[PDB]
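Novice: Let me give you the structure first, and then I'll get to my questions.
Chains as they are written, first to last, in PDB author numbering: chain A, 260 to 277, 326 to 389; chain B, 696 to 869; chain C, 1044 to 1106, 1120 to 1333; chain D, 2 to 38; chain E, 20 to 776; chain F, 896 to 1074; chain G, 10 to 80, 97 to 142, 195 to 213; chain H, 1 to 64.
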């Protein structure tokens, strides 16, 4: 993939509770060696930018202030491959 | 009269004239089929030319069957059955002393070789997008050395003409 | 003879294109003379006794760019494509687009467009601001490139038959008199394959002979040669009143024929009860 | 051809009589235009 | 031992649990087993509208088996004799316990017969399963009868298997005139027909089930509001041709008007024809645009089952893009392709009738309840008044006998299904069974679907045709071709959420992107986004191939269109195949000494990626090879054996190589009726045309498939010395100078019986 | 009715007695007889072989297989016929009962497996004495339910009227059902 | 082999709501967010704003809104809500040195509403809104 | 059902020779040689024993 300072958006397959690490391998096979050693060896996703998102964190302006922060980058997914 | 088997066995001294012509035929058909991706010969003429490497391969397999037939009807010793049921219009013809000796090919569907019906290939027991005298029906085994299960299922699909021909014949005539 | 043989006659025909079209079920079309016939094929000769080029000139005689915005309509591939397809002109395109400027919807005549060497068809000012729609479609298609103004594709037969080189026009569009201006021609040998059209376009016994030969094409396929006097008798049945109303399977407006055939609508139904009441 | 990017609606006229400019229906905005096929 | 014997001794391995007839018995076993409980889930729960809520509730409806097992022949147990002589019928009552929500509170749970199940002879409830050819004496019957046929007033009624096309699936044909996107969906209920059309020179409309006219699509997309018509066009496509071609429809809609949902949809609010049911909308006076939109939850009428209409939106927007086949003149999708035709089978018709008879009885119970309000007594719902019991009997028997599955909820009054087993031998006793019957084929004399398509090499026989009218229209499902009933879609939903299949509510009309292969059709059900087909599919295969999800879940990867299906629904044909492992068949030349003698118990060649089950589609992906002897190293599966396209009634010729196809069609018709030994019953039974022989002889040039039928213990013809000789003008056009002194010495007796009743 | 296992459905033309049928040299005379005119135009060569693996499987005790796309070829069967004393081709050397001297051209033999179909000429005994036109339903004896015999339906009377003789047609009219 | 580590950042992501725009791809256009007049709901956002239209072009045919009402001109939005990958772990800001996971709330798409004529309990009442900038 | 007493095309008597093979298939010759120790030196009777199906036993299993 790419090694930059984007503000990405992951997907992770749902693991009920039975620090992450993008320990990228060679040849681009990017992996995720995570505690409870399961290897969510995953990324490379269908693109975007027909949608120009905004990653607002709702500050709850009824009590706070909302903020436009992280508009959009190349979203990511995970799929624990076998 | 007694048609035994030797009435429908070609000699083992002129089986050659089928194997070598199979080699030559498949060779030239492969040459052209390779060509239609590069086109050094070339089609266009024909007009069209996409499946006008159909007419040429059709008539190459026709040359194959004509050669084979004429090999089915030369060494037949004259003291023979079906030879003596086509020398006399009695029962059957010279294109049935050939489907029983050398080359029952080629079947068709509608005056055209077997279409697809899996995507870009006729049968799945083959390779994608690759027309040839095998992936689009062309039996090459005489009913003596009968056939293979990719030459039977291209036989009950031109066979199912004489069962649909003689079954919608009585649709308009009735 | 429509019932017996269909096997070794319509399938060799193995395997080639170029003029082997129909067999026995053409009997249905000849008898019925139905207008839903999908083969209105109209044969006709040409400057026949010639070479491929000699007749090819008349063959060519027989018979596409960016539409824009900001007060401009379109252009044309008026380049050597037409000059190597068929003799037409940018002025011919102007003349055609002048004709109703559309088919079946009220476009304009606009008198006129194409004020350049290549057509500038002058999308008429947006009086009907509704649509650039017709402004695009009505010019997009062919207007001077159909060769009969109502026809499917023309055909050419550069074929060496009867020893010499024959050259025909297997046109597929009704009706005859399409061969008025085929300055070939060969007008003596102009023919047809649709009974009701040749009824009005050509002579009466012309249509009788066409019905004779039409059923004598469904039987040349292998073996079967029924007696010519039989099809002669059928053709005589076709043309009692001269004006050719061939014996159809549902009825005829020919009072000297048998009125029994009229009732055979395949078959009797409630209509006879309604007529009885 | 083109979409009036204000409210995501359609474009209407040529207007080349004056210039390239528009009054997109129901999207009360103006853009210019150009270059169909 | 050799390379070969392995692949030709997989037959008695799979021909025991799921073989040649046993699809019939499997389907109906499941339909006795669980699907009846499924239909029980359509409980009553509505019956007490004008009442203190005296609802019924079926506790557990089983076919004589709630808490019971020996209720499977409830006429004081009875064999098929005592049903083929006394003319009685099999019967097991579909008993149930009920849960009166009674206001007098007596919740009565007596086991109540609701009718009778005509049990398929030799199902997993009959008294003829798990028994030896010695136990087959007290039950008067052969061991080797086909089994799977019903008992209809002493008449053996089989159920021909139909070929009804797939539901839930677009059918993008291409008429000679224009394209037709006709998604003939269903919901197990009705033939809903929400077809699109390329109607008038680039003008798109919906001949919905009801709607009064043709509705311009852009207004339809308004009806599931995507009102930013920019979104409509970008979703339909992003290239030049797609946008331009679709343009006219948006232009016409806007020229009419552009409104949101609360307007420009009264344009369809009143233009609706299911408004024709003004009397069918008695309550809810709320009826107009907003209210056929409230009832537009059923304006699903399609596989996709959401309440926020984005699912139906994308369905219409892939419809609209797979009707404009990018100048849909070169692209053609043909009907007769056995990935499309899904076999509805004896059990499936019985399941329709389960559904409809229980619902009809419940409806009449509801009517009685809704009239019994004046009755101040306890028997508003009581068993005593609940007395249509043993009258589902008559419905079932009438259906199986007259051949009429007369219906109202499913829009089909089908007649012509059930027939009588042609017991002229046990050869035609099978050939009658294992027969598939065609369907509409709009003009059946238009012989398009009459020639045998190459699209079921295997799964349907090549030469079984009754010349005449039923050629290519009655079909012998003639061999190894296993069959699927239904699955659970859940454990593919999980693998979709995991394996890299996005949620479509995270993206917009990017869906013209060639890296983004985005057919994910979980049985028509909606779609799945994510790219990387050539990993999702391959890891999904290589996950089911190792003991996980049940080996039937075929997935096609076509590249002309972005096709990646997940077809896990019924009607699918199948076949077993040897896994090549992409280099060498995974049977290793030494499974024989496990394939034959001891262990690898069996079907455990399916839990080890050794041999696996295809479909038509997955065959359209894979690359099979006839023999090992000519594998070329790109093959995905391997043929178990060539001789199982020629099937049970058709693999009777010796050396079917050398004959023509017409000759084997003739024989595979004749061989059926030919006088033969009906088997072992014969004398104990009574039946009309028992055309026995008296001195029959085994074949003597036999086929490895003559043995497997078991019907070489029961040969159908004398074995005759024969010359090839022309005697004297009587032989001539296929005539036989049969000498006497062999008719005298018994060559070819007959024992024509008949029957007076 | 006979069948053959090869869609070769002959019928008993003659029924000859034992003494007239040809006998090879051993003593074998046919049960059935075909004539070699069903083969060369039907091309069932799956029958010239079945008679090889019959006569080679019994003369040796074997019990042979010709299975779809497998089987047992012609060479081994030929050698079996050799081992028990016959041709490669299994064509016997017959003399003719009628006159008592060798047939000039040899005569194929060996076991076939003739099936014996339904639809005989005894279940198909049918005839009609008279047909009047009744008063109950006012019908002649059409098809069944009155007798067996004929039914001159559409194409049948279409042929009847298409003869070309005047009072042949008149007679057909006058004798049709009633006059 | 960049082995960058992913913080399971507990920095409150309950606030995080992805907003999507299947509206503005034409020229990398954005809202130039303020333009506030801001109104937002927590459930089915229905973001209603001050997307006031530019003025350089000739008057933008203001008679349109003057036909009924435009009071500059709000181009408001109703949020097409979704249930989606937000609960997978729906990531956030990622440097090449650090990586902060934060699990978002339900993503919501946004689209203009075309206002051409049980959230009302409190969710529809909630729009007291302030879209503002703070490096955080 | 039972054994033809005569070889339909030979004449030889046969029915005397079925309770010897069921005693000569357990001395365990090859069928082709249980049918040479009893006389059958032609096509005919080899058919008439090799090809026949003794449904007698299995039918009589439940006769009454």
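Cβ coordinates follow ideal geometry from the N, Cα and C atoms, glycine included.
Could you check where the beta strand (DSSP E) with residue 516(E) kicks off and where it finishes?
Specialist: For the purposes of this step, residue 516(E) is identified with residue 497 of the fifth chain, where counting begins at 1. Unbroken run through residue 516(E) is the alpha helix (DSSP H), 509-518; no beta strand (DSSP E).
Novice: If we count the other Cβ atoms within 10 Å of its Cβ and call it buried at 16 or more, is residue 434(E) buried or exposed?
Specialist: Along the fifth chain, read from residue 1 onward, the residue named residue 434(E) stands at position 415. Answer is exposed; the Cβ neighbour count stays below 16.
Novice: Take every Cβ of the stretch 350-369 of chain A, pair it with every Cβ of the stretch 530-550 of chain E, and state whether three or more of those distances are shorter than 8 Å.
Specialist: yes
Novice: Of all the CB atoms in chain F, is at least one closer than 7 Å to the CB of residue 31(H)?
Specialist: Counted from its first residue, the eighth chain places residue 31(H) at position 31. Cβ-Cβ to chain F under 7 Å: yes for residue 31(H).
Novice: For residue 4(D), which residues in chain E fall below 8 Å Cβ to Cβ?
Specialist: Here the question's residue 4(D) lines up with position 3 in the fourth chain. Those within 8 Å of residue 4(D) in chain E are 248, 249 and 252.
Novice: According to DSSP, is residue 437(E) part of a helix, a strand, or is it coil?
Specialist: In the fifth chain, counting from the first residue as 1, residue 437(E) sits at position 418. It is a strand residue.
Novice: Could you tell me whether the Cβ atoms of residue 207(G) and residue 368(A) are closer together than 7 Å?
Specialist: As a first step, residue 207(G) is located in the seventh chain; it is residue number 130 there, counting from the start. As a first step, residue 368(A) is located in the first chain; it is residue number 61 there, counting from the start. Their beta carbons are under 7 Å apart, which means residue 207(G) touches residue 368(A) by this criterion.
Novice: Shorter than 7 Å from the beta carbon of residue 18(G) to some beta carbon of chain D?
Specialist: As a first step, residue 18(G) is located in the seventh chain; it is residue number 9 there, counting from the start. Chain D contact via Cβ: absent.
Novice: Could you say which of 726(B), 824(B), 837(B) and 705(B) lies nearest to residue 772(B) if we only look at CA atoms?
Specialist: Residue mapping note: residue 772(B) aligns to position 77 of the second chain, counting from 1. The residue with the shortest Cα to Cα distance from residue 772(B) is 705(B).
Novice: Taking residue 641(E) as the reference, which of 601(E), 676(E) and 647(E) has the closest Cα?
Specialist: Translated into the one-based positions of the fifth chain, residue 641(E) becomes position 622. The closest CA to that of residue 641(E), considering only 601(E), 676(E) and 647(E), is found on 601(E).
Novice: Here's a check: name, in chain order, each residue in its chain whose Cβ is nearer than 6 Å to the Cβ of residue 143(E), leaving out the five neighbours to either side.
Specialist: In the fifth chain, the residue the question calls residue 143(E) occupies position 124. Excluding residues within five positions, the ones whose Cβ falls inside 6 Å are 48.
Novice: Apart from the five residues just before and just after residue 1275(C), which ones in its own chain have a Cβ nearer than 6 Å to its Cβ?
Specialist: Sequence index remark: in the third chain, residue 1275(C) carries index 219 (1-based). Only 1044 and 1282 meet the Cβ criterion.
Novice: Let me know the secondary structure DSSP gives residue 73(E) once reduced to three states.
Specialist: Position 54 of the fifth chain, counted from the first residue, corresponds to residue 73(E). If DSSP states are grouped into helix, strand and coil, residue 73(E) belongs with coil.
Novice: Kindly say whether residue 535(E), judged by its beta-carbon, lies nearer than 7 Å to any beta-carbon of chain A.
Specialist: What you label residue 535(E) is simply residue 516 of the fifth chain in a count that begins at 1. So yes, residue 535(E) belongs to the interface.
Novice: What are the residues of the stretch 33-61 of chain H that lie near chain I, defined by any Cβ-Cβ distance shorter than 7 Å?
Specialist: Among the chains of the structure shown, chain I does not appear; the protein chains present are A, B, C, D, E, F, G and H.
Novice: Residue range of the beta strand (DSSP E) that residue 105(G) falls in?
Specialist: By 1-based counting over the seventh chain, the position of residue 105(G) is 80. From DSSP, the beta strand (DSSP E) with residue 105(G) extends over 102-106.
Novice: So what's residue 680(E) in DSSP terms, helix, strand or just coil?
Specialist: Sequence index remark: in the fifth chain, residue 680(E) carries index 661 (1-based). Residue 680(E) falls in the helix class under three-state DSSP.
Novice: Which runs of the beta strand (DSSP E) spanning at least 3 residues fall entirely within the stretch 217-267 of chain E, listed in chain order?
Specialist: Counting only runs of 3 or more, we get 223-226.
Novice: Could you work out which residue in 788(B), 855(B) and 736(B) is closest to residue 723(B) when comparing CA atoms only?
Specialist: Taking the first residue of the second chain as 1, we reach residue 723(B) at position 28. Ranking 788(B), 855(B) and 736(B) by Cα distance to residue 723(B) puts 736(B) first.
Novice: For residue 63(H), is the classification buried or exposed, using 16 other Cβ atoms within 10 angstroms of its Cβ as the cut-off for buried?
Specialist: Looking up residue 63(H) in the eighth chain gives position 63. Exposed, because fewer than 16 other Cβ atoms sit within 10 Å of the Cβ of residue 63(H).
Novice: Using a Cβ-Cβ cut-off of 6 Å (strictly less than) and excluding sequence neighbours within five positions of residue 388(A), which residues of its own chain qualify?
Specialist: Within the first chain, the letter at position 81 stands for residue 388(A). Answer for residue 388(A): 348, listed in chain order.
Novice: Given residue 359(E), which residues of its chain have a CB within under 6 Å of its CB, disregarding the five upstream and five downstream residues?
Specialist: Sequence index remark: in the fifth chain, residue 359(E) carries index 340 (1-based). Counting only Cβ-Cβ distances below 6 Å, and skipping sequence neighbours, we find 184 and 185.
Novice: Ends of the alpha helix (DSSP H) at residue 335(E)?
Specialist: Locating residue 335(E) in the fifth chain gives position 316, counting from the first residue. For residue 335(E), the enclosing alpha helix (DSSP H) starts and ends at 329-338.
Novice: Taking 7 Å as the cut-off, decide whether the C-beta atoms of residue 31(D) and residue 19(D) are in contact.
Specialist: Stepping through the fourth chain from its first residue, residue 31(D) is reached at position 30. Stepping through the fourth chain from its first residue, residue 19(D) is reached at position 18. No, the Cβ-Cβ distance between residue 31(D) and residue 19(D) is not below 7 Å.
Novice: Put residue 16(G) into one of helix, strand or coil per three-state DSSP.
Specialist: Residue mapping note: residue 16(G) aligns to position 7 of the seventh chain, counting from 1. Three-state result, residue 16(G): strand.
Novice: If contact means a Cβ-Cβ distance below 8 Å, which residues of the stretch 326-348 of chain A contact chain G?
Specialist: 326, 327, 328, 329, 330, 331, 332, 333 and 339
Novice: Please list the residues of the stretch 695-722 of chain E that have a C-beta atom closer than 7 Å to any C-beta atom in chain H, keeping them in chain order.
Specialist: Hits within the stretch, in order: 696, 699, 702, 703, 713, 714, 715, 716, 717 and 719.
Novice: Reducing DSSP to helix, strand and coil, say where residue 778(B) ends up.
Specialist: Taking the first residue of the second chain as 1, we reach residue 778(B) at position 83. Of the three classes helix, strand and coil, the one that applies to residue 778(B) here is helix, per DSSP.
Novice: Can you list the residues of chain F that residue 724(E) reaches, using a CB-CB cut of under 8 Å?
Specialist: On the fifth chain, position 705 is the one that residue 724(E) refers to. Within chain F, the residues near residue 724(E) are 962 and 963.
Novice: State the DSSP-derived secondary structure class of residue 1327(C), mapped to helix, strand or coil.
Specialist: Stepping through the third chain from its first residue, residue 1327(C) is reached at position 271. Three-state DSSP puts residue 1327(C) in a helix.
Novice: Please list, in chain order, the chain D residues whose beta carbon lies closer than 8 Å to that of residue 269(E).
Specialist: Here residue 269(E) refers to the residue found at position 250 of the fifth chain. Counting only Cβ-Cβ distances below 8 Å, residue 269(E) has contacts in chain D at 11, in chain order.
Novice: Should residue 833(B) be listed as close to the ligand SAM, given that the test is whether its C-beta is under 6 Å from any heavy atom?
Specialist: Inclusion of the ligand SAM in the displayed structure is not the case, the ligand content being empty and no account of it being possible.
Novice: Is the distance from the Cβ of residue 574(E) to the Cβ of residue 599(E) below 7 Å?
Specialist: As a working mapping, residue 574(E) is identified with position 555 in the fifth chain. As a working mapping, residue 599(E) is identified with position 580 in the fifth chain. No, the pair does not count as a contact, with Cβ atoms beyond the cut-off.
Novice: How many Å lie between residue 701(E) and residue 709(E) at the Cα?
Specialist: On the fifth chain, residue 701(E) is found 682 positions in, with the first residue counted as 1. On the fifth chain, residue 709(E) is found 690 positions in, with the first residue counted as 1. C-alpha separation (whole angstroms): 8 Å.
Novice: Strictly by DSSP, which residues pair up with residue 111(E)?
Specialist: Sequence index remark: in the fifth chain, residue 111(E) carries index 92 (1-based). Answer is 136(E).
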